[PDB]
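Two forms of a single protein chain come next, each set out by itself as structure tokens; they are called structure 1 and structure 2.
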Structure 1
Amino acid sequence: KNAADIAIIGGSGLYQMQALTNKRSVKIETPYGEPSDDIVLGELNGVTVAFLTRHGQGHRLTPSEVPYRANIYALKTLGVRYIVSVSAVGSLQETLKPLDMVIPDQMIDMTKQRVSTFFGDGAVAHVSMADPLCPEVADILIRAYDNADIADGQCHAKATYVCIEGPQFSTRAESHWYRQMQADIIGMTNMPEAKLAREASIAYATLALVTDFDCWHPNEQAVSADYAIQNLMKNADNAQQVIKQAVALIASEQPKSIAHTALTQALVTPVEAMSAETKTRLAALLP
């Protein structure tokens, strides 16, 4: 009977959602192997939410090895229609400061080595990622931030997230180049997660937590190393207040998302043309 309309995918610094009631863990098997950790289900004011720690318990996974296809497939099997990804990012812009949040509206996928589709091997589909972060969810995030009355920082909307492979932080020349491409924040995880969520017909948007300037800033002075985890911990607690507010808005407003029908004019291979093995592997994504 385990079902949730709304999921939170928690990034660096988010290993649990403390405030959920009647917490219970579910191990979901998928055709893509195991998700990053058992998915936690609980209620935030009677609204059932699924919480998935992207890096697993103890932060055991690097961005490149996160099982993105299992995680999105598992959330699909729970009936999730809305995902909020909560991710630590570096800032590429002077006006986006540590402890600010950013709700990007665009993304550029610079990742190299990640499987970034559920398709292939028997089924062809080409979803549009023109608007890769659902504006109805992004608008909710903006009002959720304001509703949370956060003491530190501000929230910026309409930014571009560039996703890199990792795990190392960027060289200065790479940071300069991402700036020239008009990117605003940098992270390692929201691709291929945004692509996969779209293929799975799930509305997906990102609440980014600015943890520092990328390296385009000479952090050289002895005043940089340990504050950086402490601000990651402060960001994470601010993020929890924002999520509380956002879950409330999604539950009451239930916005229509273009993601919800993304597969239907993108699927090239008719379901009747798929092999038994292909249909079985794609079962939760197909109408």
Structure 2
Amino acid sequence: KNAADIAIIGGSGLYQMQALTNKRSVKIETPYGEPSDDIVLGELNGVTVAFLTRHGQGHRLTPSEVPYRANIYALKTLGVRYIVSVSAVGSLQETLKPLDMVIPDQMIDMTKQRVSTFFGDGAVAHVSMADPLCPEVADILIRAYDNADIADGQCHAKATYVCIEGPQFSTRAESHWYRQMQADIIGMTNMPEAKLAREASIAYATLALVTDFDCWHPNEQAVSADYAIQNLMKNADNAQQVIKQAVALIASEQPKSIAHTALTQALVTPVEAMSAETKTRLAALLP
């Protein structure tokens, strides 16, 4: 079988680097439909990594419609134990600047219309999201960033990510409100991704790429002709360097994650009480 211990979720061409060898595609069907796009597999110095383009090829999906359950289920069928999610974010804080990266340790789920569990319809489980982003993988990302020797910006850790429904950007009042809730960065995609990955017993952490001040800072800038091209471009290229470094550390270090046994004390419906349809739907998630 095609198999990977590690996966990256982000934009396409995160995988488009000569360092990534024997680039190949796999179509995985799941009980939840198809993932956003064929998962790309290849090796980074002999280590197999799965890359999943969250928004599909050509960026064809809005955050609200991303098939999060199919995406996470498909990664679980490849045997993925670690996920690095890479995403563009607005800053809510003066010291978090465009081209900086942020490794949050906390999250607040403000999304509204997304299916955010694998459970229901015949099975009940309540995983803990107290620490929603694996601190072992977040600590690796910090060292990976340093190892990547990135030229512009700095990397910040121990930050709070607020996830909103989208697809519109926030009003100034909502931005002010997120600041008062002590959030630091804002995106649209890492919820319910983090909740599902937890249910799937996969360690999950985020590498956030600051792309502008959310509107708490009136600018209408870093969204220009000579800018958001270079901005997004540079973030994307820098992000690729960090991921290369992170893969090598995850491969050699293999940190134990609390996510790895998240299901075992959370499951309320014993497997022997599930219907056949339920057990089948949940098969890759179960022990």
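Between two forms, the rigid core is defined as the largest C-alpha subset superposing within 1.5 Å. Shifts are known only where both forms have a C-alpha. Along the sequence of structure 1, residues get numbers from 1 upward.
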| said: Please name the one residue from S224, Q57, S64, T261 with a C-alpha displacement of 2 Å or more between structures 1 and 2, using the rigid core for the superposition. | reply: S224
| Taking the rigid core as reference, does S12 move its C-alpha 2 Å or further between structures 1 and 2? | yes
| remark: Core-superposed C-alpha displacement of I142 between structures 1 and 2, in angstrom, equals 0.1
| said: Given the rigid core as reference frame, how large is the C-alpha shift of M233 between structures 1 and 2? Answer in angstrom. | reply: 1.2
| note | The moving segments between structures 1 and 2, taken as three or more consecutive common residues whose Cα atoms each shift by 2 angstroms or more on the rigid core, are 11 to 19, 220 to 226, 228 to 230
